[PDB]
Structure formats: C-alpha cells, structure tokens
C-alpha cells in the first residue's frame, strides 16, 4: 500500500486508479445502511478484532462536482462547518498536487483529542475528482502528550459528476484512532456516524458559494497552484507512519 512498510511516496498514477477501483468495487463490501441517497458499506471480512475499512456513498442531486471539490480542499472553510475540528492547516508542499497537512479533532471527555499528519494528493480525472491521504511523520510535528496521534491508513474521496449541478461522492477510509478504544468499537462508531457526517458535508456545499464569496472568492490554490503560500519539502524529510509498531 502507498501507506508503506518501506518509505513515504507521493501517490503515483496507479495509486489513484486503485483508489477509484476500490470505491467502485462492490465485491468484498457488505451494505450496512441505505436511506435517502446515503449508503454505508463495510469490508466483507466482519472479523471484529481488526480495523475495518469503511465506505460511504452519497448522491448529491443539486450540488456540482466542482463545488464538492472546493469544499473538500478548503482548509479554511473546515472550521466553519466541521464541529469537531480543533486545528487544521497545511504544513508544506511536495509536488504541484501533493502536500502535507495537520488536523486535530475533539473526542468525548473520557477520550482525549486526536491529531493526524497526512500526505494528501489530488487529481481531477476528466469529469471526476480524487483526493487521497495517508498518515506520515514530519520531524517538526511529533506526537503531543495531550493528544492521541491517530493513523490514517488510507482516507480519500471519489467525486463523480452526474451532469451539471449534480454529483456522487464516495468516501473511503481506514483510520486507527489508537489510544484505548477497542477496534470493534471504532468500526461500529464510524459506521454509525458516517451518514450524519456526510450530510453535514452536503449542507456545507449548499452554503459554500455564499460563504466563499465573502472570503476571497478568487483564492483557490487547489485550482491555481501558483497561489500556494506553502514552503516546499523533499520526500526524504518525511518518515513512514506505521499503523502498528
């Protein structure tokens, strides 16, 4: 896997293909929920000892693919509609379509808050878009004693345009929150909350054009990479983040 046992890699063309193929694949996935255009699948292994990959698909009848793409890319907007995020920002750029970033979120009070450092890469494929990420180690961002460092084994989005003003988005993730949570508790929780998180994102897409008009509408560095204010990084300055060490 891109998430690797040997070293950090910027996703190549095959990694984008495997990811899309993973989203479109149904064999090896069991349906778990399906109501009002939102469905949730779980990787058909149902061995509750391990961490399961989760897949969530949502039909967006009245938002275009490009708007959903902006919303996934817009780090600044995340704090407007994401009720869990503490801190999120990009750290450095690797290539014109790959960077490294930081994301913190709060967990209910016996649990501690969590953070991730991820390598993210994005690719418009014709009418569709893919954004993927997986966890990585950045020497200036070691774990913090107050936060549990989680590991994103693989997380990403496939946006499929279904015409103007409409699209379908598939979210695929496998995230280990580490800490003290049993893996099967994570599998169940992420399954149970997934449809709610997707519909919150959908509502955000409806409010996005008006919000973005008030917040430098022309500033979209994910579409115009010459606008990026980020420093650059060599791939060898990063280290692999193992799910289990």
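Numbering follows the first chain given and starts at 1.
For the segment pair 147-155 and 108-116, the entry gives 108-116 the higher mean B-factor, averaged over Cα atoms. If you average the C-alpha B-factors over 53-61 and over 39-47, the higher value belongs to 39-47. The residue among 211, 33, 69, 184 whose C-alpha atom has the highest B-factor in the PDB entry is 184.
Per the PDB record, residue ranking by Cα B-factor puts residue 174 in the middle third of the chain.
Residue-level temperature factors show residue 165 in the highest third of its chain, judged at the C-alpha atom.
Among the modelled residues of its chain, residue 101 has a C-alpha B-factor that falls in the lowest third according to the deposited record. Ranked by Cα temperature factor within the chain, residue 22 sits in the lowest third according to the deposited record.
The deposited CA B-factor of residue 236 belongs to the highest third of values across its chain.
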